[PDB]
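For the record, the sequence lines run as chains Z and D.
Count along the first sequence from 1, add 1120, and you get the number used in the numbering used here.
Count along the second sequence from 1, add 3, and you get the number used in the numbering used here.
All C-beta atoms, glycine included, are put in the ideal place defined by N, C-alpha and C.
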Amino acid sequence: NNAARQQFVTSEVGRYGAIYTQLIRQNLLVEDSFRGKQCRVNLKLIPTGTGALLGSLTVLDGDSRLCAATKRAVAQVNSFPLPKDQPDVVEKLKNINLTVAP
Amino acid sequence: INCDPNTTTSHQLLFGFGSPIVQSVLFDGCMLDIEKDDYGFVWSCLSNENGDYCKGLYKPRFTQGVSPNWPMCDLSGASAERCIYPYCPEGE
């Protein structure tokens, strides 16, 4: 609608993206072979009350062993936070690309 | 849903608390099987602010197009371990 709103949405996607990546990292089982490796994923999230739950996870590319660990880590996240009354931000957060690393 | 066993997409499905680990689900016309990794089935049951429920990760099996006479998955109480999912798209 306006440039200022676009800036806010872009900022919020970055902020929540980082929150989500941290939640995944906290659940990730650490292994030496993951050093310097990454797994790129897409999350589709389903709004659930005040937050969101996992709908689907797509592994885009990355280290095979780290990606397997990432799948379990994502499956172990209790909930993903969403902003209150910011539907345009929620639209982007419901379909989000993340990079997971140890 | 991309209904191919070689998909890189995993679907999370929700079930009622105390469900057995639901093995196969007909989800949006696609037959999905529970995923298993080095730590066992990718499945857990929780009791929290989102209520009492279970969740599993699922991917399409090789065989598709079978129409089974199965019950609907239970999303509140204990589900059958082979069931048809009550899926509906967003805002629909």
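Contacts that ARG1192 (chain Z) makes with chain D (C-beta to C-beta distance below 7 Å)
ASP40, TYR42 and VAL45
Three CB pairs or more closer than 8 Å across the region 40-47 of chain D and the region 1198-1212 of chain Z
no
Counting only beta-carbon atoms, is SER1131 (chain Z) nearer than 8 Å to chain D?
no
My output table needs one value for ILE24 (chain D): the three-state DSSP class, helix, strand or coil.
coil
Pull up the DSSP beta-bridge partners for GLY59 (chain D), would you.
D:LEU16 and D:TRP46
Interface partners of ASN1198 (chain Z) on chain D, CB under 9 Å:
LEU49, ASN51, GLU52 and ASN53
Tell me which residue opens and which closes the alpha helix (DSSP H) that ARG1192 (chain Z) is part of.
1184-1195
Nearest CA to the CA of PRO71 (chain D): which residue from D:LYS62, D:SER27, D:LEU16 and D:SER13?
Cα-wise, what sits closest to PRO71 (chain D) is D:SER27.
What residues of chain Z sit near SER13 (chain D), judged by a beta carbon separation below 7 Å?
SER1176, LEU1177 and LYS1191
Going by C-alpha to C-alpha distance, which of D:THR66, D:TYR88, D:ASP36 and D:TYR56 sits closest to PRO74 (chain D)?
D:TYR88
Can the beta-carbon of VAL1210 (chain Z) be found less than 8 Å from the beta-carbon of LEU1202 (chain Z)?
yes
Below 8 Å on the Cβ atoms is my contact criterion, and I expect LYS1191 (chain Z) with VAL1179 (chain Z) to pass it. Report the Cβ-Cβ distance as a whole number of Å.
7 Å
In or out: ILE1144 (chain Z) buried (at least 16 other Cβ within 10 Å) or exposed?
buried
Confirm, please, whether the CB-CB distance from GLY1182 (chain Z) to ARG1160 (chain Z) is below 8 Å.
yes
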